[PDB]
2 protein chains.
Amino acid sequence: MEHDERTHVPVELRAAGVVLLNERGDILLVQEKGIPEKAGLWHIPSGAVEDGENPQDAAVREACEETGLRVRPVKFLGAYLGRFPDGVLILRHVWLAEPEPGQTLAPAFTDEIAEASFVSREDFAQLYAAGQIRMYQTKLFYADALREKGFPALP
Amino acid sequence: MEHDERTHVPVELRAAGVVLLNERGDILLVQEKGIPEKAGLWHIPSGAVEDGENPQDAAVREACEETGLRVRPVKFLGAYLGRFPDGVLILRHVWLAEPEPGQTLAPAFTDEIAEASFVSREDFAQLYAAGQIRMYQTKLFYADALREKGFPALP
Ligand SMILES: Nc1nc2c(ncn2[C@@H]2O[C@H](COP(=O)(O)OP(=O)(O)NP(=O)(O)O)[C@@H](O)[C@H]2O)c(=O)[nH]1
Ligand SMILES: Nc1nc2c(ncn2[C@@H]2O[C@H](COP(=O)(O)OP(=O)(O)NP(=O)(O)O)[C@@H](O)[C@H]2O)c(=O)[nH]1
Ligand SMILES: [Mg+2]
Ligand SMILES: [Mg+2]
């Protein structure tokens, strides 16, 4: 910052993801694989930022790795901080993104990902109310993205 | 985010700024006004992000407010965390930016800003060695910006 003294707060982990909207304002979400009979929760395409690599590039890379979609970062939306039980800090970065044209959703099925898909604003609202969105920040950023693009707001 | 539980670490303040490079790779820096007064230290154009407002837009706004230059954010470079003595956290955001053409540097002289100017890579290296760069992160991000644009690295 400026001249008022402050100490450094080391952030060991950083993650980057995107709020990817299509032409209708639907959001691209990734689902966790399980949790016995409960479905895994949903989150935005996002993954770890390699130490030293640009978080913006990581967001783009991760989106493609998880959904098979090449995306273009449109605008930075925000970053927020979390702390694991052991004290490790993680800074999550989020960008508004748009998919490049002529692509087919093809999720990467792993022990961490069950699938990925576009969800409408209306159904997202239901998922959120149902407690199926892992990080509530997803709703906050989806709302921001909708406003930025000029789409109607969540129900 | 991705299912391992973590707590929220509230960040009360957010700042946004830019590493603005011209066609030669010179960097735009802002100088503090004093304190034993002579020679205030240098920092990138940066200012407080209004609560709720987009940090990227804030970086662009602040750059214009402090230097008189309208700038275009080119790419996100990074964000880092600091803590004031009272415990308040501040998250600083940095973008690589380019000035729009046909502009004249016209700094905003206030009780916080002595002036602003473009400094060459060579002189920046001297300023840094001389301990005249308030936040060392400035050198780290300047280095990142130079690599991104394809300019030679700092001495
Ligand atoms: N408890 C705990 N969790 C950790 C630790 N280190 C990493 N993690 C977890 O490992 C994750 C690393 O993945 P990350 O890059 O954040 O990806 P992500 O985008 O959050 N996952 P997604 O979105 O696919 O579910 C963190 O989000 C965090 O949950 C640790 O020391 N302790
Ligand atoms: N010690 C201390 N200083 C504070 C606190 N809040 C604000 N400040 C000081 O007040 C200044 C202005 O507020 P802040 O939002 O941090 O400014 P900024 O936009 O980040 N500044 P800059 O653009 O120059 O980096 C800061 O640069 C910091 O020096 C606080 O709780 N404790
Ligand atoms: Mg990964
Ligand atoms: Mg200000």
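Just the heavy atoms: all of them, side chains too, but no hydrogens, waters or symmetry mates, feed the values below. Chain letters run A, B, ... following the sequence lines, proteins first and then strands; every chain starts at 1.
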Ignoring hydrogens and angles, write down the donor-acceptor pairs under 3.5 Å from the side chains of residues 113-121 of chain B, residues two or more places apart or on other chains.
| residue | atom | partner | partner atom | Å |
| --- | --- | --- | --- | --- |
| B/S120 | OG | B/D123 | N | 3.1 |
| B/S120 | OG | B/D123 | OD2 | 3.3 |
| B/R121 | NE | B/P152 | O | 3.4 |
| B/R121 | NE | B/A153 | O | 2.9 |
| B/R121 | NH2 | B/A153 | O | 2.7 |

Hey, does the side chain of A/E98 reach the backbone of A/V74 with a donor-acceptor pair shorter than 3.5 angstrom? no
Spell out, as yes or no, whether a donor-acceptor pair under 3.5 Å connects the side chain of B/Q103 to the backbone of B/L69. no
Looking at B/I35, B/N54, B/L77, which one has more heavy-atom pairs under 4.5 Å with chain A than the rest? B/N54
[X] versus chain B, the contacting section by heavy-atom distance below 4.5 Å:
{"X": "A/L91", "answer": "side chain"}
{"X": "A/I44", "answer": "neither"}
{"X": "A/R83", "answer": "both"}
{"X": "A/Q137", "answer": "side chain"}

Shortest non-hydrogen contact from [X] to [Y]?
{"X": "A/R24", "Y": "A/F151", "answer": "C-CE2, 3.6 Å"}
{"X": "A/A108", "Y": "A/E65", "answer": "CB-O, 3.2 Å"}
{"X": "B/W95", "Y": "B/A59", "answer": "CE3-CB, 3.8 Å"}
{"X": "A/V71", "Y": "A/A63", "answer": "CG2-CB, 3.8 Å"}
{"X": "A/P99", "Y": "A/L20", "answer": "N-CD2, 3.4 Å"}
{"X": "B/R72", "Y": "B/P101", "answer": "NH1-CD, 4.2 Å"}

Spell out the residues in residues 4-19 of chain A that have some non-hydrogen atom less than 4.5 Å away from a non-hydrogen atom of chain B, in order of number; otherwise answer 'none'. A/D4, A/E5, A/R6, A/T7, A/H8, A/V9, A/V11, A/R14, A/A15
Ranking A/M1, A/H3, A/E32 by heavy-atom pairs under 4.5 Å to chain B gives rank one to A/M1
Among A/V88, A/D57, A/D86, A/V49, which residue forms the greatest number of heavy-atom pairs with chain B at distances under 4.5 Å? A/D57
Examine whether an atom of B/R134 lies under 4.5 Å from a heavy atom of chain A, and if so say whether it belongs to the side chain, the backbone or both; otherwise answer neither. side chain
Between B/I90 and chain A, which part of the residue has a heavy atom less than 4.5 Å away: side chain, backbone, both or neither? side chain
Parallel, tilted or perpendicular: which one describes the rings of A/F76 and B/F76, with boundaries at 30° and 60°? parallel
